[PDB]
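Written below as structure tokens is the structure these notes are about.
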Number of protein chains: 2
Amino acid sequence: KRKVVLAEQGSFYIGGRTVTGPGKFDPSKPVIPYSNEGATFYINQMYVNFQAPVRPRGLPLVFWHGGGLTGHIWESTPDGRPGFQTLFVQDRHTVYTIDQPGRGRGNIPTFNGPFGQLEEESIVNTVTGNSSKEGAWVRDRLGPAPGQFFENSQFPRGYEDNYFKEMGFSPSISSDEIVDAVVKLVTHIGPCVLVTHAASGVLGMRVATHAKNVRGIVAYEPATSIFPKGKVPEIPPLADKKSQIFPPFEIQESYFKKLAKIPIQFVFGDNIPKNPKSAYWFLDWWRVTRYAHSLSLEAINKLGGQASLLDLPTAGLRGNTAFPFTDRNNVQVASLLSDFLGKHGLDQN
Amino acid sequence: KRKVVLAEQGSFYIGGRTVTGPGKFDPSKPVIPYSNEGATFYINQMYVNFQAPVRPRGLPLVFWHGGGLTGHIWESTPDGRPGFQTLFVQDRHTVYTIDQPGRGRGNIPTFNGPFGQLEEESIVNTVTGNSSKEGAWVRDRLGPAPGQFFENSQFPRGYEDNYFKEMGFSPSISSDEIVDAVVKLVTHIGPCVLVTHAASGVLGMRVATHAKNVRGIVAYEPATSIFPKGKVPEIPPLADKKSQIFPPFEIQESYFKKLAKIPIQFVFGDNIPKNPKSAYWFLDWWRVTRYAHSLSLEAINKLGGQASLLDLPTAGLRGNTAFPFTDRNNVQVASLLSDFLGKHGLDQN
Ligand SMILES: COC(=O)c1ccccc1CS(=O)(=O)NC(=O)Nc1nc(OC)cc(OC)n1
Ligand SMILES: COC(=O)c1ccccc1CS(=O)(=O)NC(=O)Nc1nc(OC)cc(OC)n1
């Protein structure tokens, strides 16, 4: 179950740009304390890990963590069971896992001065935002309130601390530059499949419209829907009659139609309510967000696409959280990903 | 050369604490934008990756990156050659690599507000520091000035972008909390060997004084010297007759004497001058820092220890930078680490 045979493995940095401070660098002057004087800084580069099996079969997979996460979530579950990285190397795919710009081993662009500030220029905001444990508990649908689990939950109970410890803030790097890094990676890899999650869902869709090497997308519980510009459907507010879901991302129709040329699957876990739930904001948020994604997939299909929505309970998997790939049944979730890859020949050479 | 067979691999979080915001969390209220209200935040936890060979022998190795770095530097070289992780799994050791608190996949403690501030409390400083490409070039002795290489250089020339992209800032987490996280990892692992680098040199020495499971230390180009409290020898200023090296860390002699109970090796690369070099600040800095370390090792040996200094040129390896384990001859550098492990019985069951 745990053994892994790698023809090769490693990591590298890709993407990003440079910014420079004022003045010149004099090697005779004290280098420490570090100074912006004469400085070149590499910023917004992304970290990439790869593991290649012996005799790979089919396209490499690029696993793209959700918001505030890192490639760790594809390596192991919080209770230490194998993650999708191991599972799909065993399934004979070369596997890439990334830490996007601003997360984990990706760059956090800060310098000598207030966070994110290079002299008078603000590269990212000094004021940060970050979810609490409580916010993440309900966002991920462990249960309706912090410390409470749904009866059917597939969460690895007892490993809560390990789970929340993987989560953190993201600096205000432009989403354009995050997409740019992954487009450059896709150019480097060749034909591949993007496997996204939550906040990276919309980013992966954007990458596909810029990179024909993306031959398929599987998105686990994507957080932001995408529509052709000017063509966002009517989407209701939340049950509290004042909140809304994340504003849908709009792209030019000519780019949106590129999503119709590849197989795309959105995967949702359990315990998303069918009816308005004003008492549980993030449960109600998921209800309307999943609805919006269903309309997004229909728009892709009306343009000739191959887009589908997989509710895991309809496949007989009950209780999954918003991280199905680290839940107790993640081997069965991986089986369904293998099925999708096989259906579209993405597991053949 | 690149093939690797793993009995198991994965990653996990360990260490850290929690801090809390005021008030109570209400799941019916909008969870986004994120708020400190009723918040629990997990801070200062550390990321740990492991790869175990089939039929391990000897003690697991814990590779601990230098300042502003991550476990990446043990995975691959900037030009994509295998790092010590792969080399020592092939050498049949279980290999742990860490991203320490504040670096990479370790936690960066920040919240909703100015960087590092939780309401009125400063958890880490809002003002950051970070080396430039230019400062790192001379710090790591690629050459005497940015753009220049020493004649004998083992640096992977042409891969400067990859190399400097792996580097970044560290928030002002207390070193005590970084040491604490690794003490907990060492407690979890059992008897093990610490392999440190630059900034983690002094931190690994401290870990060993709190953790009898550390059975050996190899430190690559450590940045801060350590002495018993009140017994810091006279150390000269730098050639500019105004700068000093890093203030030596002082610990109680009852803890310092624990360093005499295990084999300890400091490894230095090439192009550290023998004579004062006022034109090249960081070259002179290394001259005096290496001298201070030589006095540190002597103090350990005067307490009955087995502490040695290995200059790679004396072993016939020329041109190494301050990252010998990612230089072009890093296989030969690894051979010398294997020799150390073998001599001291750390490669035996
Ligand atoms: C696993 O975590 C996620 O990636 C996730 C999952 C479910 C719902 C939302 C998210 C992303 S987040 O919770 O981190 N959102 C966030 O920080 N604020 C925020 N607010 C917006 O409203 C205008 C728009 C926006 O676009 C990404 N992000
Ligand atoms: C690979 O990089 C390193 O770890 C390294 C290598 C050689 C020299 C120094 C370092 C650490 S650092 O350069 O990042 N130092 C730093 O930010 N300032 C700073 N100043 C101090 O005394 C004034 C004390 C102090 O050690 C805790 N660090």
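Each chain of the structure tokens is named A, B, ... in the order shown, its residues numbered from 1; ligands are numbered from 1 in display order.
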Give the residue list for ligand 1 at 9 Å, counting only C-alpha atoms and all ligand atoms, as an NGL selection string, sorted by chain and then by residue number. (:A and (65-69 or 129-131 or 135-136 or 139-140 or 167 or 169-170 or 175 or 197-202 or 221-224 or 244-247 or 282 or 285-286 or 289 or 322-323)) or (:B and (31-34))
Find the residues around residue 314 of chain B up to 12 Å (only C-alpha atoms counted), leave out those fewer than 6 positions away in its own chain, and share them as a PDB file with N, CA and C atoms, in the first residue's frame.
ATOM      1  N   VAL B 267      31.619  21.248   8.273  1.00  0.00           N
ATOM      2  CA  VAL B 267      32.168  21.133   6.925  1.00  0.00           C
ATOM      3  C   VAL B 267      32.192  22.514   6.288  1.00  0.00           C
ATOM      4  N   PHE B 268      33.349  22.911   5.758  1.00  0.00           N
ATOM      5  CA  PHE B 268      33.477  24.193   5.077  1.00  0.00           C
ATOM      6  C   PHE B 268      33.929  23.999   3.637  1.00  0.00           C
ATOM      7  N   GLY B 269      33.409  24.853   2.760  1.00  0.00           N
ATOM      8  CA  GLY B 269      33.781  24.861   1.361  1.00  0.00           C
ATOM      9  C   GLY B 269      35.056  25.634   1.118  1.00  0.00           C
ATOM     10  N   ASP B 270      35.192  26.145  -0.105  1.00  0.00           N
ATOM     11  CA  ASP B 270      36.432  26.759  -0.559  1.00  0.00           C
ATOM     12  C   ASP B 270      36.330  28.282  -0.547  1.00  0.00           C
ATOM     13  N   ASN B 320      34.137  24.566  -3.721  1.00  0.00           N
ATOM     14  CA  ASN B 320      32.783  24.487  -3.193  1.00  0.00           C
ATOM     15  C   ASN B 320      32.316  25.838  -2.674  1.00  0.00           C
ATOM     16  N   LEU B 336      31.669  11.912   1.565  1.00  0.00           N
ATOM     17  CA  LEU B 336      32.329  12.256   2.817  1.00  0.00           C
ATOM     18  C   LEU B 336      31.363  12.229   3.986  1.00  0.00           C
TER      19      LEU B 336
END
Residues near residue 93 of chain B, anyone? I mean within 9 Å using only C-alpha atoms, not counting same-chain ones fewer than 4 positions away, as a PyMOL selection string. chain B and resi 51-53+55-61+88-89+347
Identify every residue of chain B that has at least one atom within 6 Å of any atom of chain A, counting only C-alpha atoms, and report the result as a ChimeraX atom specification. /B:2-8,10-11,13,27-28,34,39-42,75-76,104-105,111-115,126-133,162,165,279-281
Generate the output file for the selected residues, N, CA, C and O atoms, as a compact mmCIF listing (two decimals), in the first residue's frame.
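Saved to out_37.txt:
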# COMPACT_ATOMS: atom_id res chain seq x y z
N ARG B 2 19.22 8.01 -10.84
CA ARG B 2 18.07 8.73 -10.31
C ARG B 2 16.99 7.83 -9.73
O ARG B 2 16.13 8.32 -8.98
N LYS B 3 17.03 6.52 -9.99
CA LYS B 3 15.99 5.63 -9.48
C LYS B 3 16.01 5.55 -7.96
O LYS B 3 17.07 5.54 -7.32
N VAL B 4 14.81 5.45 -7.37
CA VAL B 4 14.65 5.41 -5.92
C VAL B 4 13.46 4.51 -5.60
O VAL B 4 12.38 4.67 -6.18
N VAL B 5 13.65 3.56 -4.68
CA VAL B 5 12.57 2.68 -4.22
C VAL B 5 12.26 3.01 -2.77
O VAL B 5 13.12 2.88 -1.89
N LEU B 6 11.01 3.38 -2.50
CA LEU B 6 10.61 3.83 -1.17
C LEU B 6 9.66 2.82 -0.54
O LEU B 6 8.62 2.50 -1.12
N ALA B 7 10.01 2.33 0.65
CA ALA B 7 9.05 1.56 1.43
C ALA B 7 7.84 2.40 1.80
O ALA B 7 6.73 1.88 1.91
N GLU B 8 8.05 3.70 2.02
CA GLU B 8 6.95 4.61 2.33
C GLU B 8 7.47 6.04 2.24
O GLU B 8 8.67 6.29 2.33
N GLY B 10 5.90 10.37 3.00
CA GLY B 10 4.79 11.24 3.35
C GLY B 10 5.29 12.49 4.03
O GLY B 10 6.49 12.77 4.05
N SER B 11 4.34 13.22 4.60
CA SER B 11 4.68 14.44 5.32
C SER B 11 3.65 14.67 6.42
O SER B 11 2.54 14.13 6.40
N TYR B 13 2.71 17.65 9.97
CA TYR B 13 3.00 18.85 10.74
C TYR B 13 3.27 18.44 12.17
O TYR B 13 2.65 17.51 12.69
N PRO B 27 -21.47 30.76 13.49
CA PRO B 27 -21.52 30.17 12.14
C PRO B 27 -22.61 30.74 11.26
O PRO B 27 -22.61 30.44 10.06
N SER B 28 -23.57 31.49 11.79
CA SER B 28 -24.61 32.09 10.96
C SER B 28 -24.17 33.41 10.34
O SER B 28 -24.83 33.89 9.40
N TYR B 34 -12.51 37.09 6.20
CA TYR B 34 -12.08 36.43 7.42
C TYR B 34 -11.86 37.44 8.53
O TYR B 34 -11.48 38.59 8.29
N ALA B 39 -11.54 33.61 16.97
CA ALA B 39 -10.60 32.84 16.18
C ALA B 39 -9.60 32.10 17.05
O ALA B 39 -9.12 32.61 18.06
N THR B 40 -9.32 30.86 16.65
CA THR B 40 -8.13 30.12 17.06
C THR B 40 -7.20 30.04 15.86
O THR B 40 -7.63 29.65 14.78
N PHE B 41 -5.92 30.38 16.05
CA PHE B 41 -4.91 30.27 15.01
C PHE B 41 -3.80 29.34 15.47
O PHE B 41 -3.25 29.53 16.57
N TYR B 42 -3.47 28.35 14.64
CA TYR B 42 -2.30 27.50 14.88
C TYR B 42 -1.08 28.21 14.32
O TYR B 42 -1.05 28.55 13.13
N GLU B 75 16.34 18.23 -1.91
CA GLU B 75 15.65 17.44 -2.92
C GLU B 75 16.41 17.44 -4.24
O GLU B 75 16.61 16.38 -4.84
N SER B 76 16.80 18.62 -4.71
CA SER B 76 17.45 18.78 -6.01
C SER B 76 18.43 19.95 -5.95
O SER B 76 18.26 20.89 -5.17
N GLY B 104 8.94 28.19 4.10
CA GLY B 104 8.33 27.18 3.24
C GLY B 104 6.97 26.74 3.77
O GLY B 104 6.09 27.56 4.06
N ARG B 105 6.79 25.43 3.91
CA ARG B 105 5.52 24.89 4.35
C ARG B 105 5.33 24.98 5.86
O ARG B 105 4.24 24.67 6.35
N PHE B 111 -2.35 37.16 10.56
CA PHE B 111 -3.76 37.08 10.92
C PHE B 111 -4.56 38.05 10.06
O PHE B 111 -4.23 38.24 8.89
N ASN B 112 -5.60 38.65 10.61
CA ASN B 112 -6.36 39.68 9.91
C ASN B 112 -5.94 41.02 10.50
O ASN B 112 -6.36 41.39 11.60
N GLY B 113 -5.08 41.73 9.78
CA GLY B 113 -4.47 42.94 10.26
C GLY B 113 -3.06 43.09 9.71
O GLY B 113 -2.61 42.28 8.89
N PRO B 114 -2.35 44.12 10.14
CA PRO B 114 -0.95 44.28 9.71
C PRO B 114 -0.16 43.01 9.98
O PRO B 114 -0.39 42.31 10.96
N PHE B 115 0.78 42.72 9.07
CA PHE B 115 1.53 41.48 9.10
C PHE B 115 2.05 41.16 10.49
O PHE B 115 2.73 41.98 11.12
N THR B 126 6.13 43.34 11.92
CA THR B 126 5.58 43.74 10.63
C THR B 126 6.68 44.12 9.65
O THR B 126 6.52 43.93 8.44
N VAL B 127 7.78 44.66 10.14
CA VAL B 127 8.91 44.98 9.27
C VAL B 127 9.74 43.72 9.07
O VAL B 127 10.18 43.09 10.04
N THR B 128 9.97 43.36 7.81
CA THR B 128 10.73 42.17 7.49
C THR B 128 12.15 42.53 7.05
O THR B 128 12.48 43.70 6.81
N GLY B 129 13.00 41.50 7.02
CA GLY B 129 14.29 41.60 6.37
C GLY B 129 14.44 40.47 5.36
O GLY B 129 13.81 39.41 5.48
N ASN B 130 15.27 40.71 4.35
CA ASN B 130 15.48 39.72 3.30
C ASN B 130 16.72 40.08 2.50
O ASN B 130 16.89 41.24 2.10
N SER B 131 17.59 39.10 2.26
CA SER B 131 18.76 39.32 1.42
C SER B 131 18.35 39.62 -0.02
O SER B 131 17.31 39.17 -0.50
N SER B 132 19.20 40.37 -0.70
CA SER B 132 19.08 40.48 -2.14
C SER B 132 19.80 39.33 -2.83
O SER B 132 20.52 38.54 -2.20
N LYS B 133 19.59 39.23 -4.14
CA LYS B 133 20.42 38.34 -4.94
C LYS B 133 21.89 38.66 -4.74
O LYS B 133 22.72 37.76 -4.56
N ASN B 162 17.38 29.77 -10.91
CA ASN B 162 16.82 28.68 -10.10
C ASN B 162 17.31 28.78 -8.67
O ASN B 162 16.53 28.65 -7.72
N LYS B 165 15.98 31.87 -6.63
CA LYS B 165 14.54 31.74 -6.45
C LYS B 165 14.17 30.89 -5.24
O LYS B 165 13.04 30.98 -4.77
N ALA B 279 38.36 44.37 1.25
CA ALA B 279 37.60 44.69 0.05
C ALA B 279 36.33 43.85 -0.10
O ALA B 279 35.43 44.24 -0.85
N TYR B 280 36.24 42.71 0.57
CA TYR B 280 35.14 41.77 0.34
C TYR B 280 34.59 41.34 1.68
O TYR B 280 35.08 40.40 2.31
N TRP B 281 33.55 42.06 2.11
CA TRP B 281 33.06 41.96 3.48
C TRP B 281 32.67 40.54 3.84
O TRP B 281 33.00 40.05 4.93
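Taking only C-alpha atoms, the non-local environment of segment 296-309 of chain B within 8 Å (same-chain residues fewer than 5 positions away omitted) comprises residues 225, 226, 227, 256, 257, 259, 260, 261, 262, 263, 264, 265, 266, 267 and 268 of chain B.
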Please, could you write that set of residues out with N, CA and C atoms as a PDB file, in the first residue's frame?
ATOM      1  N   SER B 225      28.384  30.720  15.891  1.00  0.00           N
ATOM      2  CA  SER B 225      29.158  29.892  16.805  1.00  0.00           C
ATOM      3  C   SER B 225      28.476  29.808  18.175  1.00  0.00           C
ATOM      4  N   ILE B 226      28.817  28.769  18.927  1.00  0.00           N
ATOM      5  CA  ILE B 226      28.206  28.532  20.230  1.00  0.00           C
ATOM      6  C   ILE B 226      29.292  28.248  21.268  1.00  0.00           C
ATOM      7  N   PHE B 227      29.091  28.765  22.473  1.00  0.00           N
ATOM      8  CA  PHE B 227      30.046  28.663  23.567  1.00  0.00           C
ATOM      9  C   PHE B 227      29.307  28.513  24.883  1.00  0.00           C
ATOM     10  N   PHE B 256      25.926  22.662  27.365  1.00  0.00           N
ATOM     11  CA  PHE B 256      27.031  22.610  26.407  1.00  0.00           C
ATOM     12  C   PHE B 256      27.772  21.279  26.478  1.00  0.00           C
ATOM     13  N   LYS B 257      27.977  20.746  27.684  1.00  0.00           N
ATOM     14  CA  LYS B 257      28.716  19.493  27.801  1.00  0.00           C
ATOM     15  C   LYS B 257      28.025  18.320  27.120  1.00  0.00           C
ATOM     16  N   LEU B 259      27.147  18.320  24.130  1.00  0.00           N
ATOM     17  CA  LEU B 259      27.758  18.264  22.807  1.00  0.00           C
ATOM     18  C   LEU B 259      29.008  17.398  22.792  1.00  0.00           C
ATOM     19  N   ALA B 260      29.602  17.143  23.951  1.00  0.00           N
ATOM     20  CA  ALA B 260      30.796  16.321  23.967  1.00  0.00           C
ATOM     21  C   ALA B 260      30.486  14.841  23.887  1.00  0.00           C
ATOM     22  N   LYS B 261      29.207  14.456  23.910  1.00  0.00           N
ATOM     23  CA  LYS B 261      28.838  13.047  23.979  1.00  0.00           C
ATOM     24  C   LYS B 261      28.526  12.429  22.627  1.00  0.00           C
ATOM     25  N   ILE B 262      28.581  13.209  21.549  1.00  0.00           N
ATOM     26  CA  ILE B 262      28.252  12.720  20.209  1.00  0.00           C
ATOM     27  C   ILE B 262      29.281  13.245  19.228  1.00  0.00           C
ATOM     28  N   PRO B 263      29.478  12.536  18.115  1.00  0.00           N
ATOM     29  CA  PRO B 263      30.404  13.035  17.089  1.00  0.00           C
ATOM     30  C   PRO B 263      29.798  14.230  16.372  1.00  0.00           C
ATOM     31  N   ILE B 264      30.614  15.266  16.174  1.00  0.00           N
ATOM     32  CA  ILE B 264      30.181  16.507  15.538  1.00  0.00           C
ATOM     33  C   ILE B 264      31.221  16.900  14.502  1.00  0.00           C
ATOM     34  N   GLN B 265      30.771  17.204  13.284  1.00  0.00           N
ATOM     35  CA  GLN B 265      31.665  17.634  12.218  1.00  0.00           C
ATOM     36  C   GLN B 265      31.104  18.906  11.608  1.00  0.00           C
ATOM     37  N   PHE B 266      31.944  19.931  11.496  1.00  0.00           N
ATOM     38  CA  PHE B 266      31.623  21.120  10.710  1.00  0.00           C
ATOM     39  C   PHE B 266      32.345  21.020   9.368  1.00  0.00           C
ATOM     40  N   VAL B 267      31.619  21.248   8.273  1.00  0.00           N
ATOM     41  CA  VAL B 267      32.168  21.133   6.925  1.00  0.00           C
ATOM     42  C   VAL B 267      32.192  22.514   6.288  1.00  0.00           C
ATOM     43  N   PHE B 268      33.349  22.911   5.758  1.00  0.00           N
ATOM     44  CA  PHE B 268      33.477  24.193   5.077  1.00  0.00           C
ATOM     45  C   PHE B 268      33.929  23.999   3.637  1.00  0.00           C
TER      46      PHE B 268
END
DSSP alpha helix (DSSP H) selection over segment 129-297 of chain B, as a PyMOL selection string: chain B and resi 133-139+160-165+175-189+200-210+253-256+281-297
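Backbone DSSP assigns strand (DSSP E) in segment 52-145 of chain A to residues 52, 53, 61, 62, 63, 64, 95, 96, 97, 98, 99, 113, 114, 117, 118, 121, 122, 127 and 128 of chain A.
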Writing out the chosen residues with N, CA, C and O atoms as an mmCIF file, in the first residue's frame:
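Final output, saved to selection_10.cif:
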data_model
loop_
_atom_site.group_PDB
_atom_site.id
_atom_site.type_symbol
_atom_site.label_atom_id
_atom_site.label_comp_id
_atom_site.auth_asym_id
_atom_site.auth_seq_id
_atom_site.Cartn_x
_atom_site.Cartn_y
_atom_site.Cartn_z
ATOM 1 N N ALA A 52 8.277 10.651 -10.848
ATOM 2 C CA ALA A 52 7.995 9.905 -12.066
ATOM 3 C C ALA A 52 8.106 8.417 -11.803
ATOM 4 O O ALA A 52 9.115 7.951 -11.251
ATOM 5 N N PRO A 53 7.087 7.645 -12.138
ATOM 6 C CA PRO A 53 7.186 6.193 -11.990
ATOM 7 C C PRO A 53 8.053 5.600 -13.092
ATOM 8 O O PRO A 53 8.370 6.243 -14.091
ATOM 9 N N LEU A 61 0.112 14.380 -14.237
ATOM 10 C CA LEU A 61 -0.902 15.079 -13.472
ATOM 11 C C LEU A 61 -0.253 16.212 -12.696
ATOM 12 O O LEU A 61 0.825 16.040 -12.121
ATOM 13 N N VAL A 62 -0.903 17.368 -12.681
ATOM 14 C CA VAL A 62 -0.437 18.522 -11.914
ATOM 15 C C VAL A 62 -1.471 18.781 -10.818
ATOM 16 O O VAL A 62 -2.599 19.210 -11.105
ATOM 17 N N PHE A 63 -1.103 18.500 -9.568
ATOM 18 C CA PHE A 63 -1.991 18.694 -8.423
ATOM 19 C C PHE A 63 -1.766 20.090 -7.856
ATOM 20 O O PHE A 63 -0.639 20.446 -7.493
ATOM 21 N N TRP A 64 -2.842 20.861 -7.767
ATOM 22 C CA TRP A 64 -2.824 22.285 -7.431
ATOM 23 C C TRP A 64 -3.691 22.529 -6.197
ATOM 24 O O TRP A 64 -4.927 22.526 -6.275
ATOM 25 N N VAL A 95 3.727 12.597 -11.499
ATOM 26 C CA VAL A 95 2.914 13.470 -10.668
ATOM 27 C C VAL A 95 3.716 14.718 -10.336
ATOM 28 O O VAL A 95 4.811 14.624 -9.764
ATOM 29 N N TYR A 96 3.170 15.874 -10.691
ATOM 30 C CA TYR A 96 3.691 17.165 -10.265
ATOM 31 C C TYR A 96 2.832 17.712 -9.135
ATOM 32 O O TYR A 96 1.597 17.676 -9.206
ATOM 33 N N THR A 97 3.477 18.209 -8.086
ATOM 34 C CA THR A 97 2.771 18.935 -7.047
ATOM 35 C C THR A 97 3.425 20.299 -6.905
ATOM 36 O O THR A 97 4.655 20.404 -6.926
ATOM 37 N N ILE A 98 2.612 21.338 -6.764
ATOM 38 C CA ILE A 98 3.132 22.700 -6.727
ATOM 39 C C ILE A 98 2.825 23.377 -5.402
ATOM 40 O O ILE A 98 1.848 23.066 -4.715
ATOM 41 N N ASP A 99 3.681 24.334 -5.051
ATOM 42 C CA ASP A 99 3.361 25.372 -4.079
ATOM 43 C C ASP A 99 3.295 26.662 -4.896
ATOM 44 O O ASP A 99 4.327 27.149 -5.373
ATOM 45 N N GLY A 113 11.803 46.211 5.132
ATOM 46 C CA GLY A 113 10.791 47.206 5.375
ATOM 47 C C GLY A 113 9.482 46.549 5.759
ATOM 48 O O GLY A 113 9.394 45.318 5.878
ATOM 49 N N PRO A 114 8.442 47.356 5.966
ATOM 50 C CA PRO A 114 7.108 46.794 6.227
ATOM 51 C C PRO A 114 6.753 45.726 5.204
ATOM 52 O O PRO A 114 7.091 45.841 4.022
ATOM 53 N N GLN A 117 6.527 45.663 1.155
ATOM 54 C CA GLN A 117 6.878 46.979 0.639
ATOM 55 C C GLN A 117 8.352 47.016 0.260
ATOM 56 O O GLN A 117 9.218 46.635 1.055
ATOM 57 N N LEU A 118 8.627 47.463 -0.965
ATOM 58 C CA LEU A 118 9.989 47.686 -1.440
ATOM 59 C C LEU A 118 10.143 49.191 -1.627
ATOM 60 O O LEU A 118 9.752 49.735 -2.664
ATOM 61 N N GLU A 121 7.169 51.324 -3.076
ATOM 62 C CA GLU A 121 6.315 50.499 -3.920
ATOM 63 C C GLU A 121 5.734 49.357 -3.098
ATOM 64 O O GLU A 121 6.452 48.709 -2.329
ATOM 65 N N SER A 122 4.436 49.128 -3.257
ATOM 66 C CA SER A 122 3.725 48.071 -2.547
ATOM 67 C C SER A 122 3.614 46.883 -3.500
ATOM 68 O O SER A 122 2.833 46.909 -4.455
ATOM 69 N N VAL A 127 -1.216 44.614 5.175
ATOM 70 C CA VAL A 127 -2.306 44.024 5.939
ATOM 71 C C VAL A 127 -2.655 42.679 5.317
ATOM 72 O O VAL A 127 -2.903 42.584 4.106
ATOM 73 N N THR A 128 -2.657 41.634 6.139
ATOM 74 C CA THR A 128 -2.959 40.285 5.683
ATOM 75 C C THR A 128 -4.364 39.868 6.101
ATOM 76 O O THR A 128 -5.011 40.497 6.943
#
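Nearest to residue 50 of chain B of all the residues B:101, B:189, B:334, B:87 is B:189, counting only C-alpha atoms.
For the pair atom CA of residue 318 of chain A and atom CA of residue 153 of chain A, the interatomic distance is 7.6 Å.
Nearest to ligand 2 of all the residues B:321, B:154, B:94, B:294 is B:321, based on only C-alpha atoms and all ligand atoms.
Using only C-alpha atoms, the nearest neighbour of residue 172 of chain B within the list B:214, B:124, B:331, B:317 is B:124.
Picture a line from atom CA of residue 252 of chain A to atom CA of residue 229 of chain A; it runs 5.4 Å.
Nearest to ligand 2 of all the residues B:254, B:348, B:241, B:174 is B:174, based on only C-alpha atoms and all ligand atoms.
Between atom CA of residue 253 of chain B and atom CA of residue 295 of chain B there is a distance of 15.4 Å.
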